[PDB]
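Please treat every number below as a calculation from the coordinates, not as lab data. In this analysis, Cβ positions are derived from the backbone assuming ideal geometry, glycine residues included, and neighbour counts consider all displayed protein chains.
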Amino acid sequence: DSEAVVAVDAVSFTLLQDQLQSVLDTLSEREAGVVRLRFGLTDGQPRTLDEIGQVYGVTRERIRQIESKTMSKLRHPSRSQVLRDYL
Amino acid sequence: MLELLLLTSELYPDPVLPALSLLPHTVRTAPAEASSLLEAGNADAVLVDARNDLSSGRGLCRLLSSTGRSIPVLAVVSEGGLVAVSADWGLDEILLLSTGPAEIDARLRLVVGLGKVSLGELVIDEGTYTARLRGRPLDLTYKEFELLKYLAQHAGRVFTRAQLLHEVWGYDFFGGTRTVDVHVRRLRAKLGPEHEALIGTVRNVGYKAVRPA
Amino acid sequence: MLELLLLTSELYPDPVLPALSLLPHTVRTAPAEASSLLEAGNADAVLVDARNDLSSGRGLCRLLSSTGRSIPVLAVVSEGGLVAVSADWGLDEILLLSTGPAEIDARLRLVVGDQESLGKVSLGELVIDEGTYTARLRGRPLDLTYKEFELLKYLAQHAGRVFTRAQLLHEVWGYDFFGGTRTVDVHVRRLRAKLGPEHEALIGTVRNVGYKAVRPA
Amino acid sequence: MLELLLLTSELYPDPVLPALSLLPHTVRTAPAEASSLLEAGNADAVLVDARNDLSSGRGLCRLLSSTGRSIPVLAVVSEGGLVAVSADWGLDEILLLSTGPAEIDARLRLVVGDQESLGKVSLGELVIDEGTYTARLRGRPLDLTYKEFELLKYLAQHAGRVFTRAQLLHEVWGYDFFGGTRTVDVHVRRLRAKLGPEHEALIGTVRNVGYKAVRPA
């Protein structure tokens, strides 16, 4: 049955999703929420930066600035070392 | 005359290289990382251990490479591992464990005994932080000089702000700042109407430094 | 691999470099004289013997390192005369007599210049250098919009794969504007134009699936 | 490192003494007359081409080895002219034209090593005598603090060179007190308290990044 759950992925998928909270929360909460809807993970719709302006009251370019603020400081291996085991 | 650095976890120069005892060139040892750049001071030579671990030595020479201006960087392998030895490591020589005393000494004297080039109609001075273009006076402050130099140094290599923050900035990165825009506009205006087409914008991805002509 | 002119008044290269016969390098041999400077031509690298004559070996390595000689120069010396040889002879590399054959191949590759081309994508006559961001055809610059190039490179980098419009929307039009498939056809219509019919064979279309690229013969 | 003057009937340091070109030393050229004795200056050795002129070469040695010429004086000669080289030459050392690179290196460290200063640099008014660990700026000495004197020279010897305080951290603090580099700004004050407007501009500020050293004109 091709539709079989490997059941290592599922447990590991929960672990992915939980390391996600543990990493986002260790990051700023504004940014954590920004990405939670930008990729629309907790929801069904990833968002563009001008939808975020209403929910977060700031110019879309400022979320352009925050996206890199997330990624680069994430790009410090400290976040990467604990997440690179997830592949 | 020289100090030699071995980026090795063998903790000893003679198991790594037997001839290094017969030469009075003194060797300090550090573990196999790139971070051991902080370990080296006035040492004119640094070697990467690649005898037992080949791709680790290739990566450490990649990290230890020609950036500035540059220090003699060496790496030592066995004989069957000589195929992976290429120019893409970042080297001036190759050493083996079968290399002798006079051989090691002469290759070291070859690397220590070349000059940076920066022409685009655009005088670039890596140490001087000085810029000229279509005239002696081209005032380049620190942020736009390395910036422009990176572009001119990578003429045509389409660059995006994300790519500049880790190179032109440190950086945090304090990215998505648009400060490249005002920085490039200054570079556009300061460089004058002529040579203003070298730094051209390619949309949605950033800019590239058009070569002359 | 390398056409190599050896500078020796001895007739054979095997007293000079004994391992050199062990490789497929074609070793032309010429006397240890200045007139061999005219016989350089298309020699890949020049082999100057200074195992014995270090003074005239210095002269010959200076001669092959003059103002307009880009052919890389090797001083082939003894072990007690390596310390007489340095970068003054116009050199980048030297070879001992007990240099091994894999060592000969490695140091000859290193003295010539490995040197793999960057993100230089190639699909038939259409060769893309994403670096400069040109999908030049047969050397002439080609002019696509920002999306067409990334559309094209994706297919160029995935030629043969049968993609779908819905599929292609994601990796070309990102996560946005999620409707309106026909943006592909309107763009494809331009792609197939600015490619030219001479190489629309690259661009393949299957009904009910979409578009693809095909490697030409 | 060391400066040499080459008194010669030739035009370049290559035919007269070739292993100086095998060295990273700096060798200038001059004719073999007495007026070239006015071209030595702050050098460390002066080497007469006496490979052909032995009588006039020894005369140039006698004018070079006179009362107050503190630069150690040298000649280069052939092997059939060494028999003329004796105590009546007045030379310090002798060097064959066939001498090696490291051989001339060790002979130069035996003949040199007029007490030319090592770390005595002078940036206009800023006369940084590191042999005495004192810097004269407009004559009057700089009574900076112990670590203030270091910072000033690291900015001085890097004239025109802009760096972030972290890079300055490695050259002033090194591996200590990484965070809170503000005191460098206060240490700039401790520099300007002892510099004054005559050269208070010589330390250029770089807002948001750091500072820089200005070359006086």
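A simple spin-label model places pseudo-atoms 7 Å from Cα toward Cβ; at C:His158 and A:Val23 they are separated by 2.4 nm. Restricting attention to chain C, close to 40% of DSSP beta bridges with both partner residues there are antiparallel. With the convex hull of its Cα atoms as the shape, segment C:18-119 has an orientation-averaged projected area of 7.6 nm².
What the Cβ-Cβ distance of C:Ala193 and D:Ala87 gives, at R0 = 60 Å and to the nearest 0.05, is a FRET efficiency of 0.05. Normalising the Debye intensity of segment C:1-47 to I(0), with uniform scatterers on Cα atoms only, and taking log10 at q = 0.14, 0.21, 0.24, 0.25 Å⁻¹ returns -0.29, -0.65, -0.83, -0.89.
Please report the relative contact order for segment B:1-48, taking Cα pairs under 8 Å with a sequence separation of at least 6, and give it as a percent rounded to a whole number.
Values: 74 pairs, mean separation 26.1, N = 48.
RCO, segment B:1-48: 54 percent.
Spin-label model, C:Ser66/A:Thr48: points 7 Å from Cα along the beta carbon direction are separated by 6.7 nm. Shielding value for A:58-65 is 2, the average number of Cβ atoms from other chains within 10 Å of each residue's Cβ. The A:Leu16 and B:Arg203 beta-carbon pair, evaluated with R₀ = 30 Å, returns a calculated FRET efficiency of approximately 0.25.
Each peptide in B:176-185, D:11-20 gets a packing score, the mean of other Cβ atoms within 10 Å over its residues, and the list from highest to lowest is D:11-20, B:176-185. Here the Debye sum runs over all C-alpha atoms of chain A as equal scatterers in vacuum, and log10 of I(q)/I(0) at q = 0.13, 0.26 Å⁻¹ comes out as -0.51, -1.32. For the residues of A:14-26, the average number of beta carbons from a partner chain within 10 Å of their own beta carbon is 0.
Bridges between two residues of the protein assembly as shown, per DSSP, are antiparallel at a rate of about 40%.
Partner shielding of C:120-132 amounts to 1, given as the average count of beta-carbon atoms from other chains within 10 Å of each residue beta-carbon.
Simple point charges give the picture: +1 on the Cβ of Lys and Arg, -1 on the Cβ of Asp and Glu, and for the protein assembly as shown a dipole about the Cα centre of about 3880 debye. Of all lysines in the structure, the ones whose alpha carbon falls short of 22 Å from that of C:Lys147, not counting any fewer than 8 places away in one chain, are B:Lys208, C:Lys120, C:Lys194, C:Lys212.
Rounded, prolate or oblate: pick one for segment B:1-71, where a ≥ b ≥ c are the square roots of the eigenvalues of its C-alpha gyration tensor, a/c under 1.5 means rounded, and failing that, prolate if a/b is larger than b/c, else oblate. Judged from the Cα gyration tensor, segment B:1-71 comes out oblate (a/c at least 1.5, b/c at or above a/b). Secondary-structure-derived ellipticity at 222 nm for the protein assembly as shown, considering helices only, amounts to -8500 deg cm²/dmol, per-run term -39500 (n - 2.57) for DSSP H runs with n ≥ 4. If you bin all the Cα-Cα distances of chain C at 5 Å, starting from zero, the percentages per bin are 1, 6, 13, 14, 11, 6, 4, 5, 7, 8, 8, 7, 6, 3, 1, 0. The simple Förster model, with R0 at 35 Å and r as the Cβ-Cβ distance, assigns D:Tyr133 and D:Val214 a FRET efficiency of 0.90. Here segment C:87-160 is treated as an ellipsoid with the same Cα gyration tensor; its semi-axes, largest first and in whole Å, are 42, 14, 9.
Volume of the convex hull of segment B:68-139 (Cα atoms only), normalised per residue: 100 Å³. Among all the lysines, which ones have a C-alpha under 22 Å from A:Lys73's C-alpha, if same-chain residues fewer than 8 places away are not counted? Output for A:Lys73: B:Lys143.
Inter-part distance, segment C:27-82 to segment B:107-151, computed on C-alpha centroids, equals 34 Å. Diffusion coefficient (Stokes-Einstein, Kirkwood radius over C-alpha pairs, 25 °C, 0.890 mPa s) for the protein assembly as shown: 78 µm²/s, rounded to a whole number. Considering only alpha-carbon pairs that sit under 8 angstrom and 6 or more positions apart, the relative contact order computed for segment C:129-189 is 23 percent. Charging the Cβ of each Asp and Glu at -1 and of each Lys and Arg at +1, and nothing else, the dipole of chain B about its Cα centre rounds to 1360 debye.
List the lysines whose Cα lies under 16 Å from the Cα of B:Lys116, skipping any in the same chain that are fewer than 8 positions away. Answer for B:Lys116, where 16 Å is the Cα cut-off: B:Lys149, listed by chain and number. Using only side-chain charges placed at the Cβ, +1 for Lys and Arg and -1 for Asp and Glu, the dipole size of segment D:122-191 relative to its Cα centre rounds to 240 debye.
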